[PDB]
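Everything on this sheet refers to the single structure shown next.
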Amino acid sequence: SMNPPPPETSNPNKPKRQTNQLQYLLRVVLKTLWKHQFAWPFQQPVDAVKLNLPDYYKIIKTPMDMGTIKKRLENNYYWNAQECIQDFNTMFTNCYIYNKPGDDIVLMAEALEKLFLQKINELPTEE
Ligand SMILES: CCc1c(C(=O)NC)[nH]c(C)c1C(C)=O
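Structure (structure tokens):
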């Protein structure tokens, strides 16, 4: 029932890269989702205590959110685009795994994910 440590956003010994695909993921992909009217539930880690979801972290062992992804991009956590893409995908998957089909949060994740898929479809080729 208590909240876990948030996902890591800083790790100095992890090697880093700033690539055009990763720049696209911040400038285009993250910006689009972050400003969306349904972004708010996904803008920070699930606070299981305040939301009263004591089994959330019992079920979800790989939590992820756009707040975390935003810091990871802004502070250059990643080596490649696929890591960041996997984080976005994990965030959506967590939602569908934990919640019931047709809950509001699932509709929200579905709208965000649709946009995410359209942008990732136009991911530039690596420079
Ligand atoms: C419905 C509770 C919830 C929020 C939220 O309401 N955040 C403020 N965000 C997420 C990802 C969820 C779940 C359980 O998937």
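The opening residue of the sequence shown carries number 61 in this note's numbering; numbering runs sequentially from there.
For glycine and all other residues, C-beta sits at the position ideal for the given N, C-alpha and C.
Please report the distance separating the alpha-carbon of residue i from that of residue j.
i	j	result
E143	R132	10 Å
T69	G162	31 Å
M151	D125	6 Å
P75	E134	15 Å
Any heavy atom of ligand 1 within a distance shorter than 8 Å of the CB on residue i?
i	result
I129	no
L172	no
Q104	yes
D147	no
Does the distance from the C-beta atom of residue i to that of residue j stay below 9 Å?
i	j	result
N154	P123	yes
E186	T92	no
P64	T128	no
By a C-beta neighbour count over all protein chains shown, 10 Å radius and 16 as the cutoff for buried, is residue i buried or exposed?
i	result
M62	exposed
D147	buried
Query raised in the report: Which runs of the alpha helix (DSSP H), 4 residues or longer, sit entirely within the region 157-186?
Result: Runs of the alpha helix (DSSP H) inside the region 157-186: 164-181.
Query raised in the report: In chain order, which continuous runs of the alpha helix (DSSP H) of length 4 or greater are located wholly inside the region 124-157?
Result: DSSP runs (the alpha helix (DSSP H)) wholly in the region 124-157: 126-134.
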